[PDB]
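Notes for the one structure printed next.
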Amino acid sequence: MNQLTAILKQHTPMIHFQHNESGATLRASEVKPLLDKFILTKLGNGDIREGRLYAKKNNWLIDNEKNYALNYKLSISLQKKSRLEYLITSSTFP
RNA sequence: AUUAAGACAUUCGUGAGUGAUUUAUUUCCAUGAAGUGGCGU
């Protein structure tokens, strides 16, 4: 298969700077680089360089010389648009 | 006065007719709006 369509659960609230949109959800700008780093670390059995050579051999890298990025497309969309919005501070107030 | 004399290689005639500088090509690739709390044991 060429597509992975995962449904994920929220356990603790996310602090979001672009909250003014009702479609605000997980930003793949954080997920994709960290997921690439994690995937390559697992590929090399704990070593990032070995995983990079692994992805280099299997042609999974966008670039084989410069960066850590893997070739796939990440999309995160809200199914139901209802949001529970929290105020987060350091002290307790009435 | 002599196998001599006389006679513009000249007249007319469009370098013209037909014809896309067009076809193909992602302004894209990488990238965390994030980090930290401090003060009177």
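Just so we're aligned, residue 1 is where the first sequence starts under the entry's author numbering, counting upward by one. C-beta: ideal position from N, C-alpha, C; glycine also.
Looking at the DSSP output, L70 bridges to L61. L26: not part of any alpha helix (DSSP H); DSSP gives it neither H nor E. In the structure shown, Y54 falls within a helical segment according to DSSP collapsed to helix, strand and coil. The shortest C-alpha to C-alpha distance from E21 to any of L34, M14, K81 and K66 is the one to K81.
For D47, the secondary structure class from DSSP, reduced to helix, strand or coil, is coil.
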